[PDB]
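Everything below concerns the one structure shown next.
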Amino acid sequence: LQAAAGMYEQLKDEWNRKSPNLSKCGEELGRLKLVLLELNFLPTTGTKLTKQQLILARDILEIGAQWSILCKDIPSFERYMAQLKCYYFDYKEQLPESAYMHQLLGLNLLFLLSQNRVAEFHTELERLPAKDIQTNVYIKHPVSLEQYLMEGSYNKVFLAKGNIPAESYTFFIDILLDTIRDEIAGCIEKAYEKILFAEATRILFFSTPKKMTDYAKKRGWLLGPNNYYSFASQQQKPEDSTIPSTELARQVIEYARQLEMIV
Amino acid sequence: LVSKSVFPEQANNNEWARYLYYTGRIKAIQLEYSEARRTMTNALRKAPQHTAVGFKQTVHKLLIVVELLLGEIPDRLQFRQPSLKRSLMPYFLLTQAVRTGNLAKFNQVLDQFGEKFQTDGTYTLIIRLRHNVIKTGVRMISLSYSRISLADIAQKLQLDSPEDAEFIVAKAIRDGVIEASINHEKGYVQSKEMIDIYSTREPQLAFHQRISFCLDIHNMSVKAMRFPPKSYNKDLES
Amino acid sequence: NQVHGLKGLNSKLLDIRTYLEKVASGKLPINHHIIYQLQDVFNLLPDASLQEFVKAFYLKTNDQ
Amino acid sequence: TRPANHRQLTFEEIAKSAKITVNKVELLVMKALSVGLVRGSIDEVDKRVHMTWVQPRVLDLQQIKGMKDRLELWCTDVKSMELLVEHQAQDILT
Amino acid sequence: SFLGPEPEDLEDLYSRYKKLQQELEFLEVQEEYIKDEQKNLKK
Amino acid sequence: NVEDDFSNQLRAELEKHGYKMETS
């Protein structure tokens, strides 16, 4: 019926290797929402009575979410996760505390990087305290990786520390070897007013023209070895104008109006 | 909640110091540190000698970390003058670590004082300094000189590689708190500078900003001035 | 006063326009003075820029 | 032909109209300035002759029409602008 | 905490307030007039 | 914080005598 312990509870079979399918776990969660109704209605208000109910509420939700990453059902995971986040944050000494709690937190963190919202990581990290309620061990990989990307390093970023957990963090790295590439590439657009093609490709870590083309589309850069890094630099220069006064001076209407009232 | 607060201009002194202070904590993690540091410095001054004391402590401790986040290098006078220097001593260590440009000292301090920081609510802000350790050191070197090699930046700061230092500077100029354009031809990092700002609106724009800010004081003052004597008239004054 | 000069200027523009058409159709006499006067406004070339002023006042208002 | 945005023409543009060499055009324009037929400046860094002043032109119909273009345009920019001047502190004109 | 005269509070809207409003409208007129006059003494 | 210039005093006087020859 549930996702609870014992194999008489239908989602539990999907969590274990009794159903080897990665998409029958995620799939089967939709049914499970009906069985969830009774187990999640009570513990959305915290009390020590509601402690038995909490564990089971979380079990159905976590298990389903975890398996989704393996087959890259990832957007569906992020809506499922949200519910888990509130239970992990709070509901102290009623057993949010599990092996599952740890795995789930790290999975979410990895995802914020996959969207490339640096900002989203910092707010989120603090929200859960997802760095001292299960500690930086597995959790360490996204936190350190986000700090390195923010810093501007693309050489101590790590992906090796994300393969220390194999709790389905192992499938996020796949889509975070994209992201490191993306970031180097944007920074290079800002970096050069114009430099040689040769000097810029070894830092991209592209060395085949196909790789150059692929990300160049995203940048707005035209052709493969040839690229126009220059767009971003061009933007700085207009401060030089003075000839059209109305906008350039600015707030000409505003300052006058208030001044007239006062006198 | 911060965004919704209009927080009135006619508010008590303790209210003013506390609001700016909260808004600063929120902004600092966000990578809006330029604004956070100004409100937080202001907050300490504005807060009293008596009622404020619990929160007050907390503003001076947090602020030292927050200023570093911008790339400010906080003075020794700041620590000595309220006479709290002892409690401030660990933050002082972070100030040194940020300046030098080497990560090893910054990571070590973060974990060791970790528990103490968490109370004050600093710990979330401490971890953000890792970008800042390097940033503050590249920032002094890029602004001061014109064209300097990534190789100079790396030897002085104790960065891993010139190449490493090259990505780090690229990201910063995108953030725009170091403002430069990099030419990786010969391999130097180049300063922005026009050697005349009269051809540009900037001296005018600077003056104009003050004029808006000034006008706000006049409008605020005319209304505020009559209100207490008016209140007294109806209630009857001896 | 500024409103009144600008409104005045609008008035003169209307009289000249309707007349320009009348000159073209009728072959009304062309007075050298009118053609020359209008020409001059166009040739001088407008240019205008940098302007600023003080902001001393705040301390004073605050002072009261 | 050109409105009151530019009375500046380049040497290159003057040469194209004239269908005389760029070198001789530069001397010719100078003689006209010298006599006083035309007034302006020559910036030979830029290579433009910026006309400050221009004389009474040939009396043809088309030329009567050129004047209309600027007068008509001016009528609409003044209306727009006149409203912005009234707008600022309308509470107090007294 | 709760207001003391609830019959005065329910009654007051219809009673005192309605009547007052006319007297207030004159008071508004006197405020604009002072400004005009103030600016006129300045001329 | 404390100025690096102090530490620089002893080091800077000595450097001067050698440097002029060493580099042009």
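To be explicit about the labels: the chains of the structure tokens are called A, B, and onward in the order shown, and within each one the residues are counted from 1, while ligands get numbers from 1 in the order they are shown.
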
**Message:** Please identify the strand (DSSP E or B) residues within stretch 54-226 of chain B (assignment by DSSP from backbone atoms) and present them as a VMD selection string.
**Reply:** chain B and resid 147 to 149 180 to 183 188 to 191

**Item:** stretch 74-80 of chain B environment, 7 Å, only C-alpha atoms, sequence neighbours closer than 5 positions dropped, as number ranges by chain
**Value:** B: 85, 88, 95; F: 1-2

**Request:** Pull out every residue of chain E that has at least one atom within 9 Å of chain D, counting only C-alpha atoms, and report them as a list in words.
**Result:** residues 35, 36, 39 and 40 of chain E

**Request:** Give the residues of chain D that lie within 10 Å of chain A; count only C-alpha atoms, and format the answer as a VMD selection string.
**Result:** chain D and resid 84 to 85 87 to 93

Give me a file of those residues, with C-alpha atoms, as an mmCIF file, in the first residue's frame.
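Contents of out.cif, as written:
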```cif
data_model
loop_
_atom_site.group_PDB
_atom_site.id
_atom_site.type_symbol
_atom_site.label_atom_id
_atom_site.label_comp_id
_atom_site.auth_asym_id
_atom_site.auth_seq_id
_atom_site.Cartn_x
_atom_site.Cartn_y
_atom_site.Cartn_z
ATOM 1 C CA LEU D 84 6.438 69.632 -20.308
ATOM 2 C CA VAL D 85 7.197 73.337 -19.238
ATOM 3 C CA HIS D 87 3.684 70.453 -16.162
ATOM 4 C CA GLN D 88 6.554 71.275 -13.789
ATOM 5 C CA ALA D 89 5.145 72.822 -10.559
ATOM 6 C CA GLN D 90 1.677 73.575 -11.853
ATOM 7 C CA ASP D 91 0.446 74.050 -8.324
ATOM 8 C CA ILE D 92 2.355 77.328 -8.061
ATOM 9 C CA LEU D 93 2.549 79.785 -11.023
#
```

**Request:** Quote the spacing between atom CA of residue D:67 and atom CA of residue D:13 in Å to one decimal place.
**Result:**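 Interatomic distance, atom CA of residue D:67 to atom CA of residue D:13: 22.7 Å.
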
**Message:** Just the number, please: distance in Å from atom CA of residue A:160 to atom CA of residue A:116, one decimal.
**Reply:**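 Answer for the atom CA of residue A:160 to atom CA of residue A:116 separation: 19.7 Å.
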
**Request:** Do me a favour and pick out the residues of chain B within 8 Å of chain C, using only C-alpha atoms, as JSON, numbers by chain.
**Result:** {"B": [201, 204, 207, 208, 210, 211, 214, 215, 217, 218, 221]}
